[PDB]
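Lettered A, B, C, D and E in written order, each chain numbered from 1.
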Amino acid sequence: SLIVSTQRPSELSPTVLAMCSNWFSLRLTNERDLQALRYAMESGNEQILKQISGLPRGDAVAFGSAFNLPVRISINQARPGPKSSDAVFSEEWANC
Amino acid sequence: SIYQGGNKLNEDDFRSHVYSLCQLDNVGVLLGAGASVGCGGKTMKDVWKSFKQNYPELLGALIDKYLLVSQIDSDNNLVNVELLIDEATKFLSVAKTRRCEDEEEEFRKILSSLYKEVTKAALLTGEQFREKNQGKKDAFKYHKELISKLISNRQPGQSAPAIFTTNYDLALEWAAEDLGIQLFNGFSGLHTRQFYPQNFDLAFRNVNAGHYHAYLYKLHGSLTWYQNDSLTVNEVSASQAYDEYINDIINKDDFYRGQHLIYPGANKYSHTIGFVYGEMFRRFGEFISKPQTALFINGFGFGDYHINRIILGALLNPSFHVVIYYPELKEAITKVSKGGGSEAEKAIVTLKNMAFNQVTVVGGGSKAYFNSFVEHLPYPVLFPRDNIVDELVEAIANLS
Amino acid sequence: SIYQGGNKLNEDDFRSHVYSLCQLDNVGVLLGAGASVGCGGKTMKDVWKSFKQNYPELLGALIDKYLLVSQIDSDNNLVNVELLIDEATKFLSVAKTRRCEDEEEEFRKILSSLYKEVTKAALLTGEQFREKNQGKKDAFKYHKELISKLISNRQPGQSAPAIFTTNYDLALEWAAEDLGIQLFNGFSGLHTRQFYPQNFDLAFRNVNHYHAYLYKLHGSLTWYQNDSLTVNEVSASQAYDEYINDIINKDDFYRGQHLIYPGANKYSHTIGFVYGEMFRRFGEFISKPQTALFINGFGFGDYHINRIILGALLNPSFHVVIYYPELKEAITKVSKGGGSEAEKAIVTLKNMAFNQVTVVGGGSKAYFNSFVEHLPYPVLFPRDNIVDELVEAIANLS
Amino acid sequence: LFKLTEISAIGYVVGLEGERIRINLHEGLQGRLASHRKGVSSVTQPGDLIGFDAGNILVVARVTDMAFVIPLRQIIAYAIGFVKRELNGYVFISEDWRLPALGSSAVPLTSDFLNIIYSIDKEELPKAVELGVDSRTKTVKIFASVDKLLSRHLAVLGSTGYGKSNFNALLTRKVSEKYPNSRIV
Amino acid sequence: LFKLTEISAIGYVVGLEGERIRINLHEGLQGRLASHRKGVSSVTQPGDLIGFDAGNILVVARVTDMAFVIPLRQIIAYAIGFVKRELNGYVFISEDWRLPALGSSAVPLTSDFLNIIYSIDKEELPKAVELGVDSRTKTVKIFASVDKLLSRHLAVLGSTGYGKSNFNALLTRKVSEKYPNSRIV
């Protein structure tokens, strides 16, 4: 089994994306990254794709075989989370 | 044991079939004397045993003199009880007309025993027959469920359910007066009730924009209908009827009035009493001649000729459906296969072998009783299945 | 603390639940005697306590000679005062008609003392009951906020809020006249003001957010019946000069069918009409679909009102919110055994499995000044007061 | 003494034009909220869910338009399935080729049916992990069967700074505590 | 002498066809210009911002169409976010699925709410640098955070003779002034 996490669905093998069963999608603002998702899945539902362009921070739209109908979800906060971040300039420039 | 044109079908298919016939234009139900046996009633062959065990002296004269009943039937408990009272009334009437004084006592004495026997079995509560709120007892728990299920699955712009019966007791009235439903039965008034046959075409509506009513056709009469001195038919309440004439019938031993009572199909020779009986049959025949009808039968023994004749003729219409409950197929199939049984068995088995999809027969003993009939019927999604009102009523009563 | 349906809630869910109930078709409020103790009023316990201290001679007669009151509740301070006054009035009328001299003068003392005690505690400002602009003072700060928040939350085309109360003081009128609001209380006219029950069916209109309704269930200090068989209303100054001054600084009780507070003189068919109309209108309001009600300051010691409220829950679209400070004490006293009828009545509905009932308890988190802030202001409501700084300059030009 | 439904109505169907539905509201509803035995629900904003009672089933629809036509108001909706009762509970079917009748009442959807709509099978509950809550109302909890997730492949997509790593951490940590005899690299 | 609002309205909502809003305008100058305690405001052309009263929130929208239907005039608009109260002031949230109800009135946006829409998160002010002023009205100052701006790479683009060197010089000089221990090449 594979789990893939990318911010550029358009730079992927067309066969790899088309052969999944569950899709989670956070905010995706680019007209060429939405076409990949459009062609990966079937037709019959267009009112649901217009949401993805304006999702807030921390929401998702899930659809697949583990879901009877597509849902818009507000995901919980993990505890403890991953490593915080990289370095910050202000602290080092003010360490006189 | 479920059949449809000779082919056995499982339970789930039968349930999906019943679910589909409950959403047609017209829906009806026919009930017999076995449908009120869970409340305190008796069948027709339990009445004959009591009569022939209590009055063994009239039985000889009623067979060997007037030829009103056969030996084979009275030995096998196969007597048609309400077909004998009519003939007895005819005999008494002719004897009264031609003034034969010795023959009047012999019939006034046996008509006083036949009523004393059939009347007592229809009270269902004994001495509590004249009290109020009889519909709150546990014997009438399934009549309410039937009435409630029938009304709750109609869509706007559709007809009301219709109910026919051969019982002449008060079970359905008591059940319906507790839910708050109103049943039309052809009578109107309070200080004088009178029979108006034309009000079977009336209905209710709401002035602001309600649809809570049904029709009830009593084929053999009722205990509360009688004909006073004038030639009009009246209806009273149970308390009033008990205080007027029922008490004396049950207690006094030489009480017979005359052409007074309107049960069970007795005084048919009179031309103002047969009018009431004729209308019910005309409207029954009219109901089942419609494009999208579905009729359920339960409690009926198929021992009648006119009803069977009407039911057979209504099947030559490609959109009429029937469902039949009969808890004795096994004991009839063999008796017909070997030599042939009785007329009821012959009728039911000729109906079972028909190669239609429009007939369905159900058997299996207790699996085809009245109580099992109710749960085969659907149940609406938005119908409230809880108990909230009663708790508030208890709290209100507890206050102060 | 906060209960809904038998389990517990938190502050944020409760505050979000209050807001959605103010946007329904009908909205109402029921206020008791505890809503006026923050501006100068008193509770019934205090009134009985002060009477029992001041008049120790008349207290024996009521208990022994005439059986109008029992000993245990007199000791515990749990007597109903307006019922006592009504019974005394009935006694006096019967004695008067059958011509008994000994009892007629006996009951006058009791009645005059009871009116002195209950009138003295309803004048919220003392000697300044006469003067004008009484609603400009700081004691009436939260009544104005209540009225403002309750009017400004309605969308156009929705009905106006309705207010019921068991008080007979003038706090709400003084508060509403200072904002610039008009209340409909069932009277009309100036030089002769009379009661018309059909004034409750009218509303204003602009021919080029003005009004509310006020229902007083126990009367008012400014209502009286004259020699003519009609009921009148006068202003505070006129009533003070006419009959309120003598009640306090004199031994004056000589008219027995005159005052219309508190719930007294119910045996006269001209005076009972007013009370009957008020109560019928209250009963009709909570029978409508899509209704919400808030209750605060009211101790559940009335049988008729409890009977009415419980029977209204049978409709699926009626919701109610109740405030009761002394809740833990009631719970313990009824679990251990005992308690009066109020405690049993409130506890039995706290424990129901209904999502239409909410109970809020606390010490001072269920007071009147805590009820008002749970109600929200709209985003565009003006709050910065900058017309008074201009009025002071205008008067300073002189 | 008879109660056919313990819920009030919103409007009634006045037209059918193929697969779209047209509804007329009553006179009292102005504040976009309706109440029942369980609480208060919103009914008029586009994107909401409502239902019509058709015999012994409930048909579920979603709101698209709302306009004027005291003047009258109107609503347009589309159907996405129906809810059915079988033994003692309910099930949700995703076939949407059935329409109500003229005069059919329109009702709000309470929170009990909303749990039925976004539910998984009862026998698979021991095989489920929790992700979050419903986004529009924040009342219902969302579960998923692990067997149906990690059987085929799975995809996670998004821009930078919106929460991909958070979801990955949350998902992968839970699976270790449920199927400890599993290989993850 | 009781007032509900001290700023006067411009029109009212008459439709919601999906993500669009349709507005009808009052007659005369009442539908273009407003005067209030702090100045004068107007909505006149596509590109302006408008607001709707919705109880305890204020919905923010942008104009796209204007036309003749004295004749009657109409507008189309789209939603961005909303405003609410926090402690004693306000804050701006940027979700765009909430819409106003029919019959709501539309008002223009004062500069006091514009100062709130274009602000930063109330704590990065000690590390913020001023760049300019908003172009349309020129009454709101624009600030940016140093840690977020100079974290990853930055891109300045444009033709010749239009002002790249001005911007580079300004930014570098007032970053050197704030943190005198900086390293720049």
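Keep this in mind: a residue touches a chain if its C-beta (ideal position, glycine included) is under 8 Å from a C-beta of that chain, and two chains touch if they have at least 3 such contacts.
J.: Contact counts by the stated rule: is the higher one at A-E or C-E?
T.: C-E
J.: Need the central chain here, defined by C-alpha centroid distance to the all-chain C-alpha centroid.
T.: Of all chains shown, the one whose C-alpha centre lies nearest the global C-alpha mean is D.
J.: Can you give the whole-Å distance between the Cα centres of chain A and chain B?
T.: One centre to the other, that is 69 Å.
J.: Just curious, how far off is chain D from chain A if you go by their C-alpha centres, in Å?
T.: Centres of chain A and chain D (C-alpha means) sit 23 Å apart.
J.: Round to the nearest whole Å and give the separation of the Cα centres of chain A and chain C.
T.: Here the centre of chain C sits 60 Å away from the centre of chain A.
J.: Can you list the residues of chain A that touch 2 or more other chains?
T.: Within chain A, no residue contacts more than one other chain.
J.: Would you mind listing the residues of chain B that make contact with two or more other chains?
T.: 388-389
J.: Can you name every chain pair that touches?
T.: A-D, A-E, B-C, B-D, C-D, C-E, D-E
J.: Over in the complex, which chain A residues touch chain D? Could you list them?
T.: Contacts found on chain A: 1-7, 9, 17, 19-29, 37, 55, 57-60, 65-69, 71-78, 81-82.
J.: Touching chain C in the complex: which residues of chain E?
T.: Spelled out, the residues of chain E in touch with chain C are 1-7, 53, 55-58, 83-85, 103, 107.
J.: Which positions of chain E touch chain D when the two form their complex?
T.: By the definition above, chain E touches chain D via 14-18, 22, 97-99, 101-103.
J.: In the complex of these two chains, what residues of chain C are touching chain B?
T.: On the chain C side, the touching residues are 303, 306-307, 310-311, 313-314, 345, 348-349, 352, 354.
J.: Could you list, by residue number, the parts of chain C that touch chain E in their complex?
T.: My answer: residues 19, 23, 152-153, 155-157, 179-181, 209-210, 376, 378-382.
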